[PDB]
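Take a look at the structure below.
Chains as they are written, first to last, in the deposited numbering: chain A, 1 to 133; chain A', 1 to 133. A prime marks a further copy of an entry chain.
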């Protein structure tokens, strides 16, 4: 069958490291790329192809209870150990990540249909906005 | 509202570069991480939270017609210019990527409900298998 239409979800990827190395892809890209999974959407009409490709990485779960301090290794990030405490301030979910970094934590809250997340470390603030699906 | 349940799809991400830099994340990780979009699935029961996070990157489209040579800049990979020719060999879709790299190309075919992709460059072969969704 020459009909390759569909959404295709990568189940295995063998020797992507060697292929990328043969293409002179640099070390630090290869270390990340080998952890990705790819989804391939093929829209084919006769001999006309459109290929659409998204690469995905599942991050480490986080489970916690508000008010119960917990140990967190930030493996998706800087891979440091912190002691996280999540509390409510009104409807704002507030987390302090005690550890090497000063003023490290985050705040999470809903407004309308958007979820706001503010990450802080040192004098830096990163503001993320999410839409509900 | 303290109910943060849902699937949440990142719409914006401001100063992730500075936050990651404050965490001493290395240059080449930061260059990739700033191109990601995150999807956050929150399962919340009272004050028990489970956070599940997937990071996604949309790659460059590829549109072609079998038998019609086309120019391809491999921006998702090594960012080289190749002249790609895609032909059928039976039900196997065969692509030669003429350019600097010797023996560069790929083969794509279906078997059952799986799509097989073999990437080649030099003496290296990378074998990918996809499941239909």
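Backbone N, C-alpha and C fix where the C-beta goes; we use that ideal spot for every residue, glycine too.
CB of residue i within 7 Å of CB of residue j, strictly
i, j, result
"residue 62 of chain A'", "residue 86 of chain A'", "no"
"residue 129 of chain A'", "residue 17 of chain A", "no"
"residue 30 of chain A", "residue 57 of chain A", "no"
"residue 19 of chain A'", "residue 124 of chain A", "yes"
"residue 23 of chain A'", "residue 78 of chain A", "yes"
"residue 54 of chain A", "residue 37 of chain A", "no"
"residue 25 of chain A", "residue 32 of chain A'", "no"
"residue 106 of chain A'", "residue 95 of chain A'", "yes"
"residue 7 of chain A'", "residue 41 of chain A'", "yes"
Sheet register partners of residue i (DSSP bridge)
i, result
"residue 13 of chain A'", "A/128"
"residue 151 of chain A'", "No answer is possible for residue 151 of chain A': the residues shown for chain A' start at 1 and end at 133."
"residue 101 of chain A", "Answer is none; residue 101 of chain A lacks a bridge partner."
"residue 7 of chain A", "A/41"
"residue 83 of chain A", "A/71, A/98"
Beta strand (DSSP E) segment containing residue i, residue limits
i, result
"residue 58 of chain A", "48-58"
"residue 43 of chain A'", "37-45"
"residue 65 of chain A", "62-65"
"residue 71 of chain A'", "70-73"
Cutoff 8 Å; reference residue i; Cβ partners in own chain excluding five residues on either side
i, result
"residue 83 of chain A'", "69, 70, 71, 72, 97, 98, 99"
"residue 113 of chain A", "131, 132"
"residue 64 of chain A'", "70, 84, 86"
"residue 3 of chain A'", "44"
"residue 5 of chain A", "42, 43, 44"
"residue 80 of chain A'", "73, 74, 99, 100, 101"
Residue interval of the alpha helix (DSSP H) (run including residue i)
i, result
"residue 29 of chain A", "27-33"
Neighbourhood of residue i by C-beta, 6 Å cutoff - its chain only, sequence neighbours within 5 removed
i, result
"residue 126 of chain A", "119"
"residue 121 of chain A", "101, 104"
"residue 75 of chain A'", "60"
"residue 28 of chain A", "none"
"residue 21 of chain A'", "none"
"residue 47 of chain A'", "none"
"residue 50 of chain A", "43"
Cut-off 7 Å between Cβ atoms - residues of its own chain near residue i, not counting five sequence neighbours on either side
i, result
"residue 109 of chain A", "91, 92, 93, 116"
"residue 52 of chain A", "41"
"residue 9 of chain A", "39"
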